[PDB]
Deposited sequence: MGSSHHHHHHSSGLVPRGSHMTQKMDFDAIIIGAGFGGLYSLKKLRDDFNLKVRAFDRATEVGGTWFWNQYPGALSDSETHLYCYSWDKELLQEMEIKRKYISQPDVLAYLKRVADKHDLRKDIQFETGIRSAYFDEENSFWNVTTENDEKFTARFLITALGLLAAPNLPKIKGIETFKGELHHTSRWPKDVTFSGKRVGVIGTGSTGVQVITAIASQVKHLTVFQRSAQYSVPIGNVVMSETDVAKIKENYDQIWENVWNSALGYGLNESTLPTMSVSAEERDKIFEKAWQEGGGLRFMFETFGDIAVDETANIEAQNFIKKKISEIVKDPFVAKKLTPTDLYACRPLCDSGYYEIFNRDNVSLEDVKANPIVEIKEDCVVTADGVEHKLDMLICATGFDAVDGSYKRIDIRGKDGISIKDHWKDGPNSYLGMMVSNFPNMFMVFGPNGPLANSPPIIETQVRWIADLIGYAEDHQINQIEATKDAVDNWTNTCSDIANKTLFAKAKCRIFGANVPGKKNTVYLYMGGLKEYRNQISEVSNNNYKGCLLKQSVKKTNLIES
């Protein structure tokens, strides 16, 4: 049938895209998701230790103040089952499920350049027509299974963290974990005390700081809910949106005693972004500052891990670091008698047999269970996995063959009436604040189309290449170089797009 808008995704971005377009702008709209329930990545990713790296009171929606006062704030950080339960309550309250079609994947989306709408086809050969396409696909594509010889011969339990089954038990089992990223650190910390023996196959050690996830008292929660209006105003007025006191103090402008005290204070409070952006202001910019942040965490590793040779294996060797990981006792794990750490860069994995992982030294690591916390493909992977064709039938895979590009992280030279929520080339901040910022900006432009009887918004290649130059300008100011992301912060990003919404959407081709 016909719709004013069609949304792909029932996660954070899709649920708010549905609420804003349907109830506030009174548009006819339908959303689609492969899953059986809302939640997005929080429905799929149920691996042990899954936890937000934003604090509980900020990893949520800000637009429903009755929901904020209603909100469950159990611990300082929120687990996957509680994020899922929160998103379900959002769907229960605002009557969202009746306009979501579940168990329905989108195969193709073709823009009708004549009638100026999109032709969307599901994986079941069902076709829907709609003026606008809202893509809220998130950061997911399950496969980065390790390309290891004989991985298909393993007869024990083999799980990727994105497809974690239920009823997994660990007692009496020899378990292996490949990968020490954010997910691997969470899995290893959660299961180490439950397994008979754990082998960690680390190819690249990373910096991790304690998260300090503690229960929240009723007065801790009251201290938040009573000041929630000011808390969100600080989010909109910040670069990261994590509720941090973002520092402008340069690292080398204080004594070594003063520097050590500031790093220790953030370490005790917890949080990876706090240690990097609440301590000082040039850790991601100046090289000498970045090395000081490294040395503090290296000193912490050498203090926690009592075996100096294990601590050495856990210490990163790269000269310059980016954002640390957050953990609830990761480095303490490696003091346990039932934990073995394997440097698979000096001793790579060469084969997987029916009952073991064998490294280059010939040692067979016998395992009952092998966990692959090996990550996924890139941002665009969610977009290139759908057959999206825009003007002159050009596909989203072809136009993004040389990496992704967009205008304000929301529109592409492929997009005539297709708006990206949390898409590539967006800001680097707390996701729910970013998602609210884009959904409100996208609905404003769509409302700016219904009143003026316009039916085709497009973005120039000049505007897309101008957004690429903006991001490339800020990105090369930082150590994070050596254009996927805008690194100017959430506040400046809201100003970049406000100058567009004010100047009658400069860079956008409107056709009546």
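Stretches of the deposited sequence lacking C-alpha coordinates, numbered from 1: 1 to 24, 507 to 522, 553 to 562.
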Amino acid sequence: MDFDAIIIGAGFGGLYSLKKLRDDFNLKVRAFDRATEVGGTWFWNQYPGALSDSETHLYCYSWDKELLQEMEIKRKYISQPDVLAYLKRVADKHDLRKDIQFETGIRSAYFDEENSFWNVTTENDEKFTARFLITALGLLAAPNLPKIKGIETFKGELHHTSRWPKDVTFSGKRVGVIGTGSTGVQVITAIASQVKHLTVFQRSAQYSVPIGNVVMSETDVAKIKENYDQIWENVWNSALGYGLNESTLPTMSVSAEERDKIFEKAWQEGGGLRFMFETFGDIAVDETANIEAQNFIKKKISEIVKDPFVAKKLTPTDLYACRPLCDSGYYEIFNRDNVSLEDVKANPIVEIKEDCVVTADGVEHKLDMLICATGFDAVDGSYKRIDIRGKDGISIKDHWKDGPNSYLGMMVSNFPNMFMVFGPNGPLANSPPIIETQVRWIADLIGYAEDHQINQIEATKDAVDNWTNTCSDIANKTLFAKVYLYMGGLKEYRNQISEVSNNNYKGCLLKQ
From here on, numbers count along this sequence of modelled residues.
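Mean CA temperature factor is higher for 247 to 255 when stretches 183 to 191 and 247 to 255 are set side by side in the entry. The stretch with the higher mean CA B factor, choosing between 208 to 216 and 425 to 433, is 425 to 433. Going by the entry's values, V412 shows the largest Cα B-factor out of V412, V350, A289, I297.
Within the group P308, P404, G329, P324, the record's highest C-alpha temperature factor is found at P404. Per-chain ranking of the deposited C-alpha B factor places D361 in the lowest third. Sort the chain's modelled residues by C-alpha temperature factor and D337 lands in the lowest third, per the entry. Sort the modelled residues of the chain by CA B factor and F480 lands in the highest third. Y77 sits in the lowest third of its chain by CA B factor, as recorded in the PDB entry.
Among all modelled residues in this chain, the alpha-carbon of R440 has a temperature factor (C-alpha) in the middle third.
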